[PDB]
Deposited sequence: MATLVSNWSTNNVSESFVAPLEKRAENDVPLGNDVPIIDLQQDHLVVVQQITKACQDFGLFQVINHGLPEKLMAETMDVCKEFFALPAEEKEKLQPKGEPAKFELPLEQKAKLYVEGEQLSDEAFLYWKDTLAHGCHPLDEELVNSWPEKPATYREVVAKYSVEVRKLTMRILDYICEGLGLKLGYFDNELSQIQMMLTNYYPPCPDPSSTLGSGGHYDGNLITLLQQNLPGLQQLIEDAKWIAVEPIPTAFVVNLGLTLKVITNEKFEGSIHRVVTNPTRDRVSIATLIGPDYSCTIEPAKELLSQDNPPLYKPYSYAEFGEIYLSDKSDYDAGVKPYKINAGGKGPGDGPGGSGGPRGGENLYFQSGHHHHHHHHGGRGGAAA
């Protein structure tokens, strides 16, 4: 493997990470109060859970995975059309909503063993969709339907979260969820998995993420122990973001997770990252604060947070360290 992709010794994954048997799998077709209670407990104790019987069509999930895999099978000459000035874009502000191919890593500088297609999905209009990939031919039709369905499911989950916290329904149905970035991640086979990472350990910086996977590689950090997240092809993995950790005043955990490489087979995952506009002010929900529950963060600019989150990887929560109080 090229030295560009060699992770620092301490960040390298061990070869036998055990299955996370305690990862909650929440059936959304249970009684309403049972769903609210199970989601609440998962958010409080884990910050990562799976949802099943979630009302998003299984056929649409399969068609979206198909067209995402078809995109990454396109030849070089087509993929160049999504590389600004001949190279992949970087996860840095301003983060534009038009489709680009992205490179990612840490600055002992190294790169993640990953190609990422990213674009905005909300609101859907002619201008946004016309900035999506031209190939495959059905990408725009399928991903337009997928993005609406994934948003619908995310807003259902956020309203379950509202009921669990004692916030009014629709608390997050505003500026706090106005950005919907869809990241299609391609992990080609890696000749030295012991030295590389598909994706470094991170919180998602946004509010909430729904992740679709059909192959192993996703791992979560629990009380410095890593566990493997079982791939369920018809489920969504829910990762609570650093923004939700702040707004709930740490009553909810954020999901710290990474992706390991595979020597023999490729892997495609689809992450829908919903969260605030860059103009937003983030603070602990006033409605939940008291003398017994004082705010642990001061108000901050999401744009200012974003710049630190995307550059400083000295700690998982480096993004919010400057805003910590009490």
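Trainee: Counting from 1 along the deposited sequence, what's missing?
Mentor: According to the deposited record, C-alpha coordinates are absent for 1 to 12, 120 to 122, 239, 343 to 385, which together make up the missing parts.
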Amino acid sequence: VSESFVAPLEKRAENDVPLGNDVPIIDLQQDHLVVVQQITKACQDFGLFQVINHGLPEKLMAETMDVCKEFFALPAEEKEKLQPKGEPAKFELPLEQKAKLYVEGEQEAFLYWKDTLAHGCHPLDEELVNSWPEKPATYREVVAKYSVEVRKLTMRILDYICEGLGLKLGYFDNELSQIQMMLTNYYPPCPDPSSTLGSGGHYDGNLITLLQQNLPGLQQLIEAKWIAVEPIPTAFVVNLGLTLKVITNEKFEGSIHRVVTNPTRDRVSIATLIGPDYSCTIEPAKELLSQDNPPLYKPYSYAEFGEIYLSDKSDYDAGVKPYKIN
From here on, numbers count along this sequence of modelled residues.
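Trainee: Find out whether the coordinates of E223 are absent in at least a third of the other compared PDB entries of the same protein.
Mentor: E223: unmodelled in at least a third of the other compared entries.
Trainee: Out of 152 to 160 and 185 to 193, which stretch has the higher average CA B-factor listed in the record?
Mentor: Higher mean C-alpha B-factor: 185 to 193.
Trainee: Out of 14 to 22 and 298 to 306, which one has CA B-factors that are higher on average in the deposited record?
Mentor: Averaged over C-alpha atoms, the B-factors run higher in 14 to 22.
Trainee: Checking the entry, which one of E104, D204, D125, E87 has the top C-alpha B factor?
Mentor: Max CA B-factor in the entry, restricted to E104, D204, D125, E87: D125.
Trainee: Sort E63, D27, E70, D266 by C-alpha B-factor from the entry and give me just the highest.
Mentor: Of the candidates given, the C-alpha B-factor peaks at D266.
Trainee: Lowest, middle or highest third: where is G170 by C-alpha B factor in its chain?
Mentor: As the PDB entry reports it, the C-alpha B-factor of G170 lands in the highest third of its chain.
Trainee: Lowest, middle or highest third of the chain for the C-alpha temperature factor of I208?
Mentor: Within its chain, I208 is a lowest-third residue by C-alpha B-factor, going by the deposited values.
Trainee: Classify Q50 as lowest, middle or highest third according to the C-alpha B-factor given in the PDB entry, relative to its own chain.
Mentor: Bottom third by C-alpha B-factor.
Trainee: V34's Cα B-factor: lowest, middle or highest third of the chain?
Mentor: It belongs to the middle third of the chain when residues are ordered by C-alpha B-factor.
Trainee: Hey, what third does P94 fall into on Cα B-factor, ranked over its chain?
Mentor: Highest third of the chain for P94's C-alpha B-factor.
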